4 protein chains.
Amino acid sequence: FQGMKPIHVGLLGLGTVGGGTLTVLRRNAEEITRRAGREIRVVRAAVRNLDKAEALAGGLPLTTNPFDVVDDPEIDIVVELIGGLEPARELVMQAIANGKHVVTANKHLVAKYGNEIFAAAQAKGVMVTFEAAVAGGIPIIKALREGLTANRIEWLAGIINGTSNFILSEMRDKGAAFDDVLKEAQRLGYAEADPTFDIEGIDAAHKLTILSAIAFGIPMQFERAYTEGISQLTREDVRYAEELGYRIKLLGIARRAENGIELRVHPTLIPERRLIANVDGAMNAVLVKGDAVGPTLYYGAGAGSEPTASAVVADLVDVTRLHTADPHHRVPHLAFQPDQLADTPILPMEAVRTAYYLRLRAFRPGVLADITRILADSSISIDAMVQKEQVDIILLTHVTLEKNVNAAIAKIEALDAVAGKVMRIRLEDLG
Amino acid sequence: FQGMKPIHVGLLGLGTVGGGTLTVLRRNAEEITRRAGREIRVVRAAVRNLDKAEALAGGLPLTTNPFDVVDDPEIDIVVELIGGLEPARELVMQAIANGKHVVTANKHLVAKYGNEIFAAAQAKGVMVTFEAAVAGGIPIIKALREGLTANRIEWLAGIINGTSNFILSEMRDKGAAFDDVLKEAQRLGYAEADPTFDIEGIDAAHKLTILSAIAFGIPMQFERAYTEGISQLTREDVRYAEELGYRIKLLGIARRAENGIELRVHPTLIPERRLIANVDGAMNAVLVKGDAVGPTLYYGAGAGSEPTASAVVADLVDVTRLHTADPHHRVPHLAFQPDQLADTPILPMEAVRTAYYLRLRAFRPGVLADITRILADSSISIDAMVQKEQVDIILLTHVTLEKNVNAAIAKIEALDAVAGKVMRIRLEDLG
Amino acid sequence: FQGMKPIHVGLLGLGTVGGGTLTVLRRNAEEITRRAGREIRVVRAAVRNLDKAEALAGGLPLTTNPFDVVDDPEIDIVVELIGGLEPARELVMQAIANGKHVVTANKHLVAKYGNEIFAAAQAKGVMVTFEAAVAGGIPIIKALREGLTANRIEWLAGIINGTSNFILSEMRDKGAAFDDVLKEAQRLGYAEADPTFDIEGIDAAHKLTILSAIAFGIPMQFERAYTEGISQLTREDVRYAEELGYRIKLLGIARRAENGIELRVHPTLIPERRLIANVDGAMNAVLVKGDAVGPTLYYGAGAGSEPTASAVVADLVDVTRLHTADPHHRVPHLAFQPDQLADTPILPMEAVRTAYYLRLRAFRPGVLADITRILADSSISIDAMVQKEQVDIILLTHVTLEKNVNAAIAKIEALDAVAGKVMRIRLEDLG
Amino acid sequence: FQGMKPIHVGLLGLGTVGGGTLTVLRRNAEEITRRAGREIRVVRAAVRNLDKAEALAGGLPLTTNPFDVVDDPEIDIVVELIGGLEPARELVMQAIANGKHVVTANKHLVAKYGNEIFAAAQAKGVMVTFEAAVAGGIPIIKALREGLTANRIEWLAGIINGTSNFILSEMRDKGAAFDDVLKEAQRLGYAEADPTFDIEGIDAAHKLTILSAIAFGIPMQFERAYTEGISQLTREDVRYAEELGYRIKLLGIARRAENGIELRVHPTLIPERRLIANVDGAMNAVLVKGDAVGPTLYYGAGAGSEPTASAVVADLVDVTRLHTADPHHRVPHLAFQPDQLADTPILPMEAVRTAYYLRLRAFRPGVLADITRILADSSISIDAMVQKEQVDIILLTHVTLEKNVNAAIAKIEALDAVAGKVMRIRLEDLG
């Protein structure tokens, strides 16, 4: 008979997400078995800290040797929840060498080594899945890879890092400085003691790289992504943006341009009318533009215990279904297809077109005349200017090639009348 | 070799969506073949009007006999785009009898005859899919059935009829009467000459029934759905709701309650802060609450040529993959599972708990005293009242059993001081 | 010749206003002499503290004996700037006994002893003037007594205490508690160490009494004025009033009612659209309703050095003109006319009609039913109610006789479900 | 005895104001007699149309010969209500030649011939008064001449034409074009069939000239006043001003500048926070800045039957008091003093400093560069710019000498890229 042999799952790492995963599998067992066609049974977890893992494990057998999982011939699927590059990279490659599928939440590993991992998986005939790696419990990979298969994806924009969104939301709502919002976030447990990956846009850029690979059918190319974080943003910027009709978000943009693909993470002004502009707190959202369907939006929690577990288990079900149905690979199994890739190049940030919020400090009437002539020389059109013995002057530009703005900014900063730098923050309509 | 035999598709009906489907299949052929594992090839379309179909067909062979499609042994998948109950019901059943899969956009047929259709499909071992039947190009069925498989769904709320949303959006923005917004919508082609299914909530209730079946694993039970449309709504109501902090939408709610399932379509006040409250024009959105993932939202176009085609083709790909991989049914194929159903009863509207906007016309100081005593007698708590020789009095109630409100309203309407009826409109926080 | 003999002025008290007066007389000497028809020359000031007075006097002779001023046969006009009741009352009466005119800023003295003072002045044939006693530099007495002589005054409403207005403005703008706004005001010198007369409405009620005497031609009847201050007002009250469409001001109202005259000072909600509702900081405004002219408004500073001096000097000019023109009293000289008085009674507060903001704390659905029945029993109509295990409930009533509200409040406070008192604050449309 | 001989008054013209005057004198007879010291008795009215005058006269004797009034030896005071220049000028001069006082509402006559009229009045020893000529029932002349006598007036700004304010209020509230607001105003009787004096700022400039004479002690110099009306103002202008934080009013400004006096009427942007900016409908307001008192504001109706009558009667009382007290002129009687005048010159508009709203239509990025260089060349500083194949560009300038703006505008209009003219509207903070 079919449906009587359980599929056997092993975990690498446990933690919050692992504990969540065990809880979700047990609690929803009935529905999971129904959809999967057989029971999904967790056999053991390899963990570094045995004592801390006990509280989260609910009596699941634990071991400190990860090869008790990746080399156990009885284990069919490995769930990788270690995070980091090593030893996750080594264990994942070994799991694959042994003919095991891998379900992972590891956006860092997948963004950096996805090409080599998927290539090795396809050669071996196993699946590696990563729904839980991007936007938490939001089924965005399934939406992109399966829901929107009939679409050419023109672009997507995402709020996909909860901590940096929480900070930017709090700054706007409360009016406080970045520094003390970051400190308050750490105290209340919204930001970790070392928040570099969050506030510098690195986490978001890992995830965007993955989204870009699946949206456009290209290799993972994290090194080529432009990233800028939020730490240089001031109270004034948030307030001026508000008065000008915009919200500020840390956005990942992946977009087909004329001569390449944009892959960029940066603070960006979004008109306040847009739904994505009003996605606050620790919530995530991905806005996707397909040629047939138009803009579609997926919104929810992008991190946290049970939301992440939800995506891990969905991947467990998907992998289980295809493992059982199709061991001879009559149909493609991998969401990332090494034999179906396009070589479209990623654009440098300077080759990308965008609009700008510009804020500078200057000392005369001739000051504006020089600034505007510099802008015209670089073919930059102004949408608005506001001047709120030095005055703060704010400029909103039309859409323009970034190289132009770089060159123009250097001339403006060369003006005797200009002390300090020109703070740039990019602006995207998304309409 | 695998992948060399095309799957052969036949259409019933063509129209806007059919033309769209042919265009999308041709334009995205490369990606579709990649994901499906073989070419998906449309062989012919059965159409009623040969001349009108010519302009939309792009040279695809046409026939006026639908059995040239459903009885042709070479056709593997039938795409049903007729709409209506008959002859769609008969042709669909015959397609199934002949061992063909069916991809349909027909929410009316699926909501009314889904139980018998899926039962017949499971017995035969074929698939019937209906992604295009609910929320157009938004992959909500895939999200509910596959993305959220690890979740118990607690409730969902949807804006899933584009025309009724367009009218309610226009009324709010422009301040005009329902009558002339409806007329203006018909003139500009946003509403059809007979808009009954749209403005009466029937279309939305077809779709909600389908959503409820997949969310909760229950039979289709359209007859048991509560439905109320928008035609009784006044300019005053939209304006008062705005001043009170709410937007008015035609919402479908499907929810697990204490003793049953709520299945209801009605105008409803939603706090203006909610994302779903700001979903305007012809856009659709479904807000889904799962136990593991929390609230997630799916937003986009819910009708139109290419959005609908997008969902049809996604279903074509899904069906093709499983047809090829798993003809022996090692795993479940149907999104609706006749052998896995729960018998949880649908609640009558009166057994449902909700909050209310109440507006009535009355003539004395004792008038309010009597009204409030009547409410207390039926255990109804007031949140707010506003009195904007007859005065219009507006009441917002706390959450309460509908039976209570029915009885209290009848006593209020019996008061000598009260001329006319008490206009009720329901209120849902969704937070 | 005319115009060659200076009129000789003596001061009682100096201080800020006195110093201001000397400065204004000197600086505008040309215009003052032109209008007066002769020079106005300050001869000396009687002061208590000789050293502190030196800095403000600009070399004007000083004496510590006030009879060097009020008994000097050469002095024609006494300017009384002592404040307080004694010795101002005694010196003023002695100045009058000696046939000298008196210009005073002393609202306390005039409100309490105006009847006896003006009677003594008319018998003697001298003038006592008090422009500087009410609303500082705003020429409201001249406007009421001379500008609006062709009008029956129906009512006036005034913001006439700068300190209490500053506090209420700050509370609204900044959201802070009364306590710390009062403390911050004292630290920055907007409120004096003992602010009783300001925050309790006593100063405003002195001034309103004076305004009422001139508006309606009645005796001064300060004892019969209703007064309530601001110290019981909470942050919640200011915020709720804001959300409901109102601003809160400490208002003096003097009004002809059906059976009497209203004379009342209290916190009051004024619709936010009204100009007087937006009179903030330390500014004063008096809104006057005449039968011929309609509503007229006079706005400006209501205290401070030079604004007060401005009014003192205007009075000096008026007195000088009539002293010179008309020593035989062919025309009336006094602004308050003891031989032309009406005996219209002042209403007790309970006999006055007004609308109310009511805020109470209560524990059930029957709670509102009981409250509303109590209100109907006392013939009180509700405009609005808002309910923002105890809940805060807010009621706006229609216009009603105060006695009714007193009785109804006592029944509401007797309800078991009601803990604490019902905070009342009155509400006036002024439209 | 004093007080037994009535003063005898004759009218020239009757109309709305005349009828009002008779009604007010009769209705308030008690108070008027009290303050005046004797009865004020209207003997007859000279009118052009006997039949139309009957309805307004209440049985007062009427005659068509105005010399039955101005040559009747028994008449002490003439009330001139004809309007226009002739025959009012001739009759007024004849009244003066005959030793009669004149009370007038005729702002046109007083603004144009005030110098010659007051000179003739002072020589004869009679009074000419004109309270009713400016700002209707608001006692602004009394406030300026008597209330603020201790002040050097630095500047005043007035909304003093009801019709032009009604139009500008309606345009802002309703969003309609000037043309149809003007037409609708004429239909509802807010604007007369020939509205030239109202919409062109002529009426306001008559009144401002009078205000300027009394504020600054200078001759009437109407010919030297700058005037601009409202008819060139567009819907866009009102809306852009609103979005930028301003209201648009037709303002009269009289101000002491460095080298002269500003005397100007024009549309002007006032920040929306100012009380005067929110003075809407047919209401008038004069904002007065004195050195001692600071800014003071007088608000009310500036036209209409009984408001105007109110001011006429106040003048009747003033004239009566001084006629009785002081026939030997011990003190000055005239509000305008021909023997006390300063020769300070009126500035041409081009010699005046003000800020600007500038709106122009233009076609390139170099367009803004040229505009800003032109502005810098004329020493003009920009506060803000907004750009809402031609684009509308809006500029707010800092305060600058008008000559500079004229020259800069001519260069901007010379740019090939600029089609049409630069619409200027002036901007005044008034803070």
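Every chain is numbered from 1 and lettered A, B, ... according to where its sequence line falls, protein lines coming before strand lines.
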C:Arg35: partners by salt bridge (charged side-chain N to carboxylate O under 4.0 Å, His left out), with sequence neighbours left out: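 Not a single residue meets the salt bridge (charged side-chain N to carboxylate O under 4.0 Å, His left out) criterion with C:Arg35.
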Any salt bridge (charged side-chain N to carboxylate O under 4.0 Å, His left out) pairs touching residues 213-234 of chain D, not counting sequence neighbours?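 Salt bridge (charged side-chain N to carboxylate O under 4.0 Å, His left out) check on residues 213-234 of chain D returns D:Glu228-D:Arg426.
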Show me the pairs that pass salt bridge (charged side-chain N to carboxylate O under 4.0 Å, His left out) and involve residues 275-304 of chain D, at least two apart or across chains.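 As it turns out, the salt bridge (charged side-chain N to carboxylate O under 4.0 Å, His left out) pairs with a partner in residues 275-304 of chain D, which skip direct neighbours, are C:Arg27-D:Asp291, D:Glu154-D:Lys289, D:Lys249-D:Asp280.
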Is it the case that D:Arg264 places NZ or CZ above or below the six-membered ring of D:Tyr226, under 6.0 angstrom from the centre and within 45 degrees of the axis?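 No.
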Is there a side-chain contact between [X] and [Y], using heavy atoms and a 4.5 Å cut-off?
X	Y	result
D:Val279	D:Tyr299	yes
D:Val288	D:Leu144	yes
D:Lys112	D:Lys107	no
D:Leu81	D:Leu12	no
D:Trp155	D:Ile253	no

Looking at residues at least two apart in the chain, or sitting in another chain, which of them share a side chain to side chain donor-acceptor pair (under 3.5 Å) with D:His206?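 Partners of D:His206 under the side chain to side chain donor-acceptor pair (under 3.5 Å) test: none.
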Tell me, with the steps shown, if D:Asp237 and D:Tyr357 meet side-chain hydrogen bond (donor to acceptor under 3.5 Å, both in side chains). CA-CA 9 Å; D:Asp237 290 344; D:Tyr357 161 100; 2.9 Å; yes
Can we call the ring centroids of D:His398 and D:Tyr356 under 6.0 Å apart?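 D:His398 vs D:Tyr356: aromatic centres not under 6.0 Å.
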For C:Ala36, what residues pass the side chain to side chain contact (heavy atoms under 4.5 Å, CB included) criterion, not counting sequence neighbours?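 For C:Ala36 the side chain to side chain contact (heavy atoms under 4.5 Å, CB included) partners, ignoring immediate neighbours, are C:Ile40, C:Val317, C:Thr320.
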Under 3.5 Å, which donor-acceptor pairs do the side chains of residues 126-135 of chain D form with other protein atoms, sequence neighbours left out?
residue, atom, partner, partner atom, Å
D:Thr129, OG1, D:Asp315, OD2, 2.9
D:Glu131, OE1, D:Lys142, N, 3.1
D:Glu131, OE2, D:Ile140, N, 3.2
D:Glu131, OE2, D:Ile141, N, 3.1

